[PDB]
Every structure is written in structure tokens, then in C-alpha cells.
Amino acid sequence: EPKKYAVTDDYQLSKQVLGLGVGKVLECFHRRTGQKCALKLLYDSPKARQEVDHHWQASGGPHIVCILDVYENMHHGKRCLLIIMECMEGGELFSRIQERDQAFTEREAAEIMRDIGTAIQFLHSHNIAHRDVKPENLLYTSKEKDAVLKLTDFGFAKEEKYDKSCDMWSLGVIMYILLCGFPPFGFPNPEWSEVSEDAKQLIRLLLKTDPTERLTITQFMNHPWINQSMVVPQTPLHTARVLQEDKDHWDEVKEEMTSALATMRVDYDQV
């Protein structure tokens, strides 16, 4: 499966960065095709081998960034693994919402959450917990209206009912920000004034402090706000405007969510 000849035989590399994982992400081009792709460089290790394994197994599933190829090469005198993936040129979910003016509606947020749920559903049914679902890892395939949302980065993935409930918590957090533009770290007025009863009820079941009480993915996907996302109200949301206004605090919000997820993966935690 993993190619053992030089990646640069098949791809022309850039110095240009597209992202940063727990391996950094480079733009590259396929030599035979010209196609723009993305390269993640991982230094070989148990953790790197597991990321490769889990992403490969997930690759091809609904709303997951596809792996095109894996190389095992020498670089700077070290063994490394290069993951080639489709180029997610639309970038980050919430950066795309921010750039809309254009009405962003509750029905639209419901389709995005359903998109993410279908990814989690696929993962959980193959007994993979992702464990780091967050803004940096939710990407669009292109900049056009028909771009597809996909999940990436299997660096914290694990193949526990507990581990799976950390993905469910992520889903609640992502849904919360999507409907209002700010994180849960109450449904305050006026941002939340006109939001679905159904949407607020689903968030509460996801953000349950007790992990054993959180909704499962099967239960998420069966919720009317997900299952019947196409008949959710088209009510104009504050999200894009708030994201725009709060843009100077966005890095802080990401850091907090990252910190929160890492806390959830510790073997032993404070009370």
C-alpha cells in the first residue's frame, strides 16, 4: 500500500503551508496530472502509523477528506510518512460562513450539522472515535456554491463509549457556534431569540456534562432537526455578522476548544 520511492518522483512540492496538525500541511502538484493536492508530513512513530491507519480506513467514507496516496521516505535523515490528500481549497467551515451579507439560515446550519453527523456516523460504526472535531479540521473542497464539507486529521483518533461521546460533544459545540457566532464557553437573547426549540433541545442533549448521558450518533441522526433538516425553518441567523464582529477573538475561541478536547483525552482528570 505505502509507496517507498521518493514522493517527489510523483509530486512537485511547494514551501506553502495549508495547515498544521499534531504533521504540517503543504501544497503540492501531481506530476502526471497537474492536479493540486495537499501533503501532510509525519515523522514516523507509533502515533504517525495510527493516524495513517485510521485515515486510510476512513478515506472514502461520507464527508471525510480522501487520501490519494501514502509515501514512506527519508527526509532530513529521518523516516517519514507523507499523506497525500485531496486539496480542500475552500478552507475552514467558519471562515466560509464569515465571508457571506448573504443570509445564513437555520435550515442551512442543519444541513451542515447533518453533513458532519454523517462523517461521525461512518466513523463510529467502524469503531473509530476522532476525538478532535473542531474548527481547523472542518474543510470545504472548493470555494464554489457546491463545495462539500469534509472532516480531516486523524492524529487523535482511536479504534470506548467515552471516546465516541467526545465527538458528540464536539458536535454540540460546533452546532452552538453555527447558530450564533460565539461558543458555549445559556441561549442568550437576541442571538438565540428566533432559533428552533428543536435546535436548542438537541444542543442540550449533546452538551450534557455527564458523557454517559450525551446523545449517541444514532440518536443525533434520528433527531428531527437532523433527520428532517430540509424542513427546518429558514430563519436568518446572526452567525456571519457575529463571526465578523468577533474576528479578533476567533483564535482564542479555537485555543479554548482545543484545550477542552485535550482535557477530555487525559487518562486521569481532576474533579
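Residue positions are given as counts along the sequence shown, with the first one as 1.
Checked against the other entries of this protein, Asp101 counts as unresolved in at least one third of those spanning it. According to the record, 1 to 3 deposited residues between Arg100 and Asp101 are left without atomic coordinates.
In the deposited sequence, the stretch from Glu159 to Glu160 hides 10 or more residues that have no coordinates. The mean C-alpha temperature factor is higher for 235-243 when 61-69 and 235-243 are set side by side. Per the PDB record, residue ranking by Cα B-factor puts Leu13 in the highest third of the chain. Sorting the modelled residues of the chain by their CA temperature factor places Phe185 in the highest third.
Per-chain ranking of the deposited C-alpha B factor places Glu144 in the highest third. In this PDB entry, the Cα temperature factor of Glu191 sits in the top third of its chain's modelled residues, the highest group.
When the modelled residues of the chain are ordered by C-alpha B-factor, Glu111 sits in the middle third.
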